[PDB]
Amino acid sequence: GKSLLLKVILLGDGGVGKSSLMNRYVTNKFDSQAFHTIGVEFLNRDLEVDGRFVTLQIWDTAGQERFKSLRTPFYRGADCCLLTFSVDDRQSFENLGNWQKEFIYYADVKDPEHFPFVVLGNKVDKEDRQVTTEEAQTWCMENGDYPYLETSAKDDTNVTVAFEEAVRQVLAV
C-alpha cells in the first residue's frame, strides 16, 4: 500500500549544519560554503526502517532569530523534531532548551512529555570541540531522555542513522 509519510523538522541555531544535514541525507551532496536559510524548505526522502516503507518529509528552517516569524507556522504537524547544535559552538548547545520550548508552543504540542525529539551534535569531524560528548548526553538524559547522536554532514558520519532514529522514535509512540 502507501508508505508511511512522516514529517521531521530541523531546529537549531544559525550555522549548526541543518541544511547540510538534510542535503547530505537526501542528495548525498555537501557544500562547504553553505548560505543561511531565510525561510523554510522541505525535501521528501524514501527509506525502509525495520523492513517498513516510509517517506520522510524533512523540513529545514532558518536558525536565525530574525526569521522566526517565517518558520514557526510550519512547526505544526511535525511527527518529530531534530534539535540540532554544533559541537564547536557552545552557544548552539546552550540554546537547545530554547528551541525545544519554542517548538512545543508553536507546534501546539498537546503531549510534550511523550513527543519525539532527537538531538544532533553536528560537526564532529572538526578538531576544536567546545562541547563534550558527556555533557551533551547528560543534558539529553536529564531533559526528556532524548536520543543523542554526533553527526557530520561533511563526512557523512551518523547522518542516515540520525534520520532512521527519528523514524524509530515516531513508530515507538
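Numbering starts at 1 and follows the sequence shown.
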| query | finding |
| --- | --- |
| Entry-level comparison of average CA B-factors, 12-20 and 154-162, reporting the higher stretch | 154-162 |
| Stretch with the higher entry mean CA B-factor, where the candidates are 128-136 and 115-123 | 128-136 |
| Options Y148, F53, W59, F67 - largest CA temperature factor per the record | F53 |
| Chain thirds of CA B-factor: placement of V87 | highest |
| Relative C-alpha B-factor of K7, binned into the chain's lowest, middle or highest third | lowest |
